[PDB]
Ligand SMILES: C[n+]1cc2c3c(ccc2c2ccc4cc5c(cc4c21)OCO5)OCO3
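Take a look at this one chain, the form solved without this ligand, written out in structure tokens.
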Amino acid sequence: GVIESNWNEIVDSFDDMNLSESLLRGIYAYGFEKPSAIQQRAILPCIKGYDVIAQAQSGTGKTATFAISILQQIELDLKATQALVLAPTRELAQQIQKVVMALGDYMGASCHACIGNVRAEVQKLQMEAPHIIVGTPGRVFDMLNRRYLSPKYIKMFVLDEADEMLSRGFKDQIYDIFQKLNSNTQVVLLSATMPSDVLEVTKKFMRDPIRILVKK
């Protein structure tokens, strides 16, 4: 489905995004060069704290867009979970974790994956509360529900591939997680398609959002 863009800024260089020096070092050590259209448009309003709706296809640079925005906002000495990322699958959740960790490794920002027969992961969380959790909706709601994860400091909530998550039956978990977050929480939703039930999430959970369409 199709949204209309509404934001002004475009930034063609990661040098120009006001990133912390070691975040930038981390981005370049990883092998990113110049920002793609999504990164040029969306990184700055995400870091500014605005609700963002980004419609962009796969292969366009989304992961790095929110990985970078999230890492820039982290209060590094606040040993607490500060940002939550939802993905429709475990492999996509792990891939997101491996970008965030590889950039965060230059700043000392921690990131844990929260996925579905090993539940020793549900203990070990009791070294650090990680700064960033990435997970699938059932698993993340489980940890909120049973209080292994605290919503108290979560002040960034990212929904990657929102359409896929709805298609996979995750609307109750997502809404339940929404209800458990602080009313003040920044929401970033990314999706290739924007059908009405995706849009309804944006209507229930976002306020005066930034709208970015990257055309395929």
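All residue numbers are counted from 1 along the displayed sequence.
Only in words, not in the display: the form deposited with this ligand bound, which the text now covers.
A.B. asks: Would this ligand, positioned as it is in the bound PDB entry and superimposed via the C-alphas around its site, fit into this form without 3 or more of its atoms falling within 2.4 Å of the backbone or C-beta atoms? Open or blocked?
C.D. replies: After the site C-alphas are aligned, the pocket of the shown chain is open to the transferred ligand.
A.B. asks: Okay, which stretch from 166-174, 53-61, 143-151, 179-187 lines this ligand in the bound PDB entry, with non-hydrogen atoms inside 4.5 Å?
C.D. replies: Contact criterion met by 53-61 only.
A.B. asks: Does residue 89 reach this ligand in the bound PDB entry if we count a contact as any heavy atom within 4.5 Å?
C.D. replies: Result no; residue 89 lies far from this ligand in the bound PDB entry.
A.B. asks: Answer with yes or no whether residue 28 is in contact with this ligand in the bound PDB entry, where contact means some heavy atom within 4.5 Å.
C.D. replies: The answer is no: residue 28 has no heavy atom within 4.5 Å of this ligand.
A.B. asks: Any residue of 81-109 with a heavy atom within 4.5 Å of this ligand in the bound PDB entry counts; write them all down in order.
C.D. replies: Contacting residues: 95, 99.
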